[PDB]
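Peer 1: So that we are looking at the same thing, I have put the structure below in structure tokens.
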Amino acid sequence: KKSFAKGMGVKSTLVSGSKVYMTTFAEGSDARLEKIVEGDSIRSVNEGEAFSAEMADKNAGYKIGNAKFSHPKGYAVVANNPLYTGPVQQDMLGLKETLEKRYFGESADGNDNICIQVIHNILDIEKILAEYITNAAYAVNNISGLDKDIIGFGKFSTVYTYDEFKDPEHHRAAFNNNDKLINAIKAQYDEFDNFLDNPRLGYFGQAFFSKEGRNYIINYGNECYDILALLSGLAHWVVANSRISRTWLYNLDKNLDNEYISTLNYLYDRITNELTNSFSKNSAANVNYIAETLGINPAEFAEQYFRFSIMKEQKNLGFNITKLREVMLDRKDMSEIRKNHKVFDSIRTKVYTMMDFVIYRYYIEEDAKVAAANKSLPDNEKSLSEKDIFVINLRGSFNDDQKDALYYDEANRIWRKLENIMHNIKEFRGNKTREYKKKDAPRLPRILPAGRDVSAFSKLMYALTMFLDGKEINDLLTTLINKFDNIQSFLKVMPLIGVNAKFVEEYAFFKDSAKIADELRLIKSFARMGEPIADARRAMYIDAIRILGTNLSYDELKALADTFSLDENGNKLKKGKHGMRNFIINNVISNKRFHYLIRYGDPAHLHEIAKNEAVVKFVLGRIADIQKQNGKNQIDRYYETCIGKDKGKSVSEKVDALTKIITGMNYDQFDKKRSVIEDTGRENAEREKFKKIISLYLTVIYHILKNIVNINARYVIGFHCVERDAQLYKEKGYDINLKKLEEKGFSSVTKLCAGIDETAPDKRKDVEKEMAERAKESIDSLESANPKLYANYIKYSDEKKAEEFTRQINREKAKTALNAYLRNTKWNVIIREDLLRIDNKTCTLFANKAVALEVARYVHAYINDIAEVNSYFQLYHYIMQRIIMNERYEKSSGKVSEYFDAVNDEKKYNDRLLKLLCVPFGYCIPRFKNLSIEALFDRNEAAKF
RNA sequence: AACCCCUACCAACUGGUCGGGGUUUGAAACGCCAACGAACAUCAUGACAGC
Ligand SMILES: [Mg+2]
């Protein structure tokens, strides 16, 4: 539920000294000051008003009103007064002053609530970076080999140049002449060579291979070492409490040698130069057809089409073109684009791109014309553009059934001026595509930036993207862009409201947060372009024919794989005789989801996962239960393509048939039909059936693995947070011990913030006595404190007074807490009781396994032992608890041993055990509850609960 | 919905009704950008060839 104040235009309410400054939305992420509050007086800075604000009753808030967007039910909207309670409000954990000191020196004084917000944005950036670097490192370690951990702590520490790493004897001054450390470097170089001739290194085609002609060539050893060292340096920086500190990422021009800068520049220039040098020959058809449709010379919009297609400037625009396009497609005049499959399944994307460009050009041209006209009129009477009016209406939409009506109405409004253009676009056919490629697109000056201009941080993010997949890249880069935009907006706002805080030198990198956002937008556009597989070798063929299912030994598999690209004599097959090789390459090896599965698992075990029936039915039912195209349509589409044409079957029967197809899967059904497969034609239905079956099978396994990886990422974030907060509380001046944080079950922070210590069998004599004496004082001093409650306390019965004395001790114990979360007596009586019954060695196991991603490596081992698969949260914690039981079951004692027995009996997870394992998160109640209760875990699954 | 704050009525006040607020709570401020989410909507018609 969006708050009504944001719809009415109120964006922020800041405190500086004894004054309150309110701020409204201006453009994109920018902010404009609106009101200044002094005591009981409210002044408006600007001539116009984005919102009217007046003082409310008891000076407890400001009533907000807008002429256009009023509250639907007529209730009053009040924004809170930060000075009503007292001084500036504090952080929930009470770490405001420490963080402000760390990030701003003595230039911050504490009479404001603006610096803490940029600090929290930086903290969010670090959070998501720590989430994704772990997955990248695990992928690289998985691909490298077995027991060959090449990336982590203590390896490739980005301090040593490649020359010092290959011949340490000739460069022993850089190692401080230490024989033990020198012998460690040589052993690392041996692992480097063995990793560099791995046949399966080609899965990272972008990172290590470059395309020269029609075939890929491995980069020089310098570049590969530099990339690996950069990734290991990121891994070191994540766990920084050495030469890699917390400030390593923000000072990269003084910590990195010229080699690393050269490698990053090489990669960036490589991606930019191909896009620049291939635009004219690749954008000819679309540009020529659009020119014919509109009726203008291509030179009049070539650059604008460049910015639309390659740089993707239609996304930083204030709204979504795609929704308008879909509303346009919903009409009866243009419905055949969806119904007529046989004519449009090969030109759908071209038509969509053309329509989007037409809409975007319409808006851009209208805005430019209005802006040009608004140059001779007086600075008072000026008209807005259609972009501005649409964004103004969108911002004040209190819900979603109002936002969609706006899209519907404006699509219908702007359809009247583009009917002919769309009707001409709909008349496009693939056959006449080579006709529009005869004349090439106009040449352009360089628009994309070079490697030198971009910062090292952005280039390092682009390098990191080469170890991930599309969804993760999108999430990471979008979050980073949002956080940097917030930081830059706050930094521009701060001068106006009288705050003269400046970043300390080590964190001066954030003084230029606006350029980083633009660079990251370009990188988000770039990261999804390029071939990710390099070449195809025999190892990839074996992996492909091992995920479908075989019961063959290794030598037989090698012979079968050699059959792909060799004859019965020993020479290579002639051109055009590769028909089974191309099928496998195009249908398995070249699938993005297969790349995901290889990057996060073992091919032979994913087949074991796929032989299960319950998980397959669960995934297919999840597909079938998608509302708003529909999930029921997709189930029918699979059945019609994979099984055939039939009528009278319900959803359950189709799901059962598809499950039977998926569960029984083997490579022999293709080796026997090899003759049919090598018959390439348009009437070979069996070939298409095979393709559809393979695609669906891969999709199912991909979903199953992806959800597990996401949940593990959540728990990694949680433990990163507990480590960071332990460091901060130590720096504040408390009595935490960081060296013993691991032998204790990561629960020292929870003990520290709970308050008084009673678990000690030495001082229970005083704590129980001290609480008793302060409890008795509060009862006597009640009429003075709370007279209204005292008038009812006397009327209590004698027995009821006794209960209130027991509760008063819990209240007194809660007054000694060190958080704002744990000062509530409700949560303190809960967290304390959990502290007594934990097992320290079990909690350390949960933390270690989550970081290493060992849940994803043992799904197949315990998938057949589960009783039911109702959700991924329920499946995740069965595998996690079965792993812990393997190592610690004989030595377990207490309630944990009782809990372990329950898992073996009922064959599901234990709710009570999860709460004990989540005790490290107890000092932060929202994270403690979200990570321990299924109902609050997933935001998208809330209708079910 | 969970966590925190506030006006008015009642309440051991470790709790509730009518409603508002929170970028300084939790993967989580607004418009975007994205995700759950499925043949999937591209720098390049499709199929074939090329590894
Ligand atoms: Mg936040």
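All residue names refer to the structure tokens as shown: chains lettered A, B, ... in order, residues numbered from 1 in each chain, ligands numbered from 1 in order.
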For stretch 671-687 of chain A, list every protein, DNA or RNA residue within 8 Å, evaluated using only C-alpha atoms (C1' of nucleotides), and leave out those in the same chain fewer than 6 positions away; present the list as a PDB file with C-alpha atoms (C1' of nucleotides), in the first residue's frame.
Peer 2:
```pdb
ATOM      1  CA  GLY A 579      23.843 -33.511 -37.986  1.00  0.00           C
ATOM      2  CA  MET A 580      23.840 -35.025 -34.512  1.00  0.00           C
ATOM      3  CA  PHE A 583      21.402 -30.872 -32.757  1.00  0.00           C
TER       4      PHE A 583
ATOM      5  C1'   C B  48      20.590 -24.759 -42.634  1.00  0.00           C
TER       6        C B  48
END
```
Peer 1: Name each residue within 12 Å of ligand 1, counting only C-alpha atoms (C1' of nucleotides) and all ligand atoms, as a list in words.
Peer 2: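 Here is the list of contacting residues: residues 91, 92, 116, 117, 118, 119, 120, 121, 122, 123, 124, 125, 127, 479, 482, 483 and 486 of chain A; 22, 23, 24, 25, 26, 27, 28 and 29 of chain B.
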Peer 1: Distance table requested - chain A against chain B, cut-off 6 Å, only C-alpha atoms (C1' of nucleotides): one row per qualifying residue with the closest atom pair and its distance in Å to one decimal, ordered by chain and rising residue number, as a Markdown table.
Peer 2:
```
| residue | atom | partner | partner_atom | distance |
| --- | --- | --- | --- | --- |
| A:77 | CA | B:20 | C1' | 5.8 |
| A:78 | CA | B:20 | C1' | 5.9 |
| A:79 | CA | B:21 | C1' | 5.8 |
| A:80 | CA | B:21 | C1' | 5.8 |
| A:116 | CA | B:24 | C1' | 5.8 |
| A:117 | CA | B:24 | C1' | 5.5 |
| A:282 | CA | B:44 | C1' | 5.5 |
| A:318 | CA | B:32 | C1' | 5.2 |
| A:346 | CA | B:46 | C1' | 5.4 |
| A:347 | CA | B:45 | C1' | 5.6 |
| A:349 | CA | B:41 | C1' | 5.1 |
| A:395 | CA | B:31 | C1' | 5.5 |
| A:430 | CA | B:45 | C1' | 5.0 |
| A:535 | CA | B:51 | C1' | 5.1 |
| A:536 | CA | B:51 | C1' | 5.2 |
| A:623 | CA | B:38 | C1' | 5.8 |
| A:825 | CA | B:14 | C1' | 5.3 |
| A:826 | CA | B:14 | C1' | 4.1 |
| A:926 | CA | B:26 | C1' | 4.7 |
| A:927 | CA | B:26 | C1' | 5.3 |
```
Peer 1: Residues at most 9 Å from residue A:447, counting only C-alpha atoms (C1' of nucleotides), excluding those fewer than 4 positions away in the same chain, as a ChimeraX atom specification?
Peer 2: /A:276,303,306-307
Peer 1: How would the residues just picked look written out with N, CA, C and O atoms as a compact mmCIF listing (two decimals), in the first residue's frame?
Peer 2:
```
# COMPACT_ATOMS: atom_id res chain seq x y z
N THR A 276 30.11 -0.51 -32.14
CA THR A 276 30.30 0.69 -32.95
C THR A 276 30.52 0.35 -34.42
O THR A 276 29.96 1.01 -35.30
N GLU A 303 20.86 8.42 -35.53
CA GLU A 303 21.44 8.52 -34.19
C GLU A 303 20.42 8.21 -33.11
O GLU A 303 20.74 7.57 -32.10
N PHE A 306 20.06 4.60 -32.93
CA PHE A 306 21.22 4.06 -32.22
C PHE A 306 21.01 4.13 -30.72
O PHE A 306 21.21 3.15 -30.00
N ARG A 307 20.57 5.29 -30.23
CA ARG A 307 20.37 5.47 -28.80
C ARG A 307 19.22 4.62 -28.28
O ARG A 307 19.24 4.19 -27.12
```
Peer 1: Separation of atom CA of residue A:569 and atom CA of residue A:667, in Å?
Peer 2: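 Separation of atom CA of residue A:569 and atom CA of residue A:667: 24.6 Å.
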Peer 1: Which polymer residues have any atom within 12 Å of an atom of residue A:453, counting only C-alpha atoms (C1' of nucleotides), with same-chain residues fewer than 4 positions away left out, as a list in words?
Peer 2: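 Selected residues are residues 261, 264, 265, 268, 269, 448, 449, 457, 458, 459, 515, 516 and 519 of chain A.
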Peer 1: Which of stretch 244-424 of chain A counts as helix (DSSP H, G or I) under DSSP, as a ChimeraX atom specification please?
Peer 2: /A:258-277,279-282,284-294,298-300,302-309,321-329,336-339,341-344,348-373,386-395,400-415,419-424
Peer 1: Nearest to residue A:923 among A:754, A:875, A:716, A:477, with distances taken over only C-alpha atoms: which residue is it?
Peer 2: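 Distance minimum relative to residue A:923 lands on A:754.
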Peer 1: Which of these residues is nearest to residue A:259, using only C-alpha atoms: A:59, A:378, A:177, A:158?
Peer 2: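 Of A:59, A:378, A:177, A:158, the one nearest residue A:259 is A:158, counting only C-alpha atoms.
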Peer 1: Suppose you want the space between atom CA of residue A:272 and atom CA of residue A:531; what is it in Å?
Peer 2: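 Interatomic distance, atom CA of residue A:272 to atom CA of residue A:531: 14.7 Å.
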Peer 1: Between A:405, A:598, A:10, A:822, which has the minimum distance to residue A:924 (counting only C-alpha atoms)?
Peer 2: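 Ranked by minimum distance to residue A:924, first place goes to A:822.
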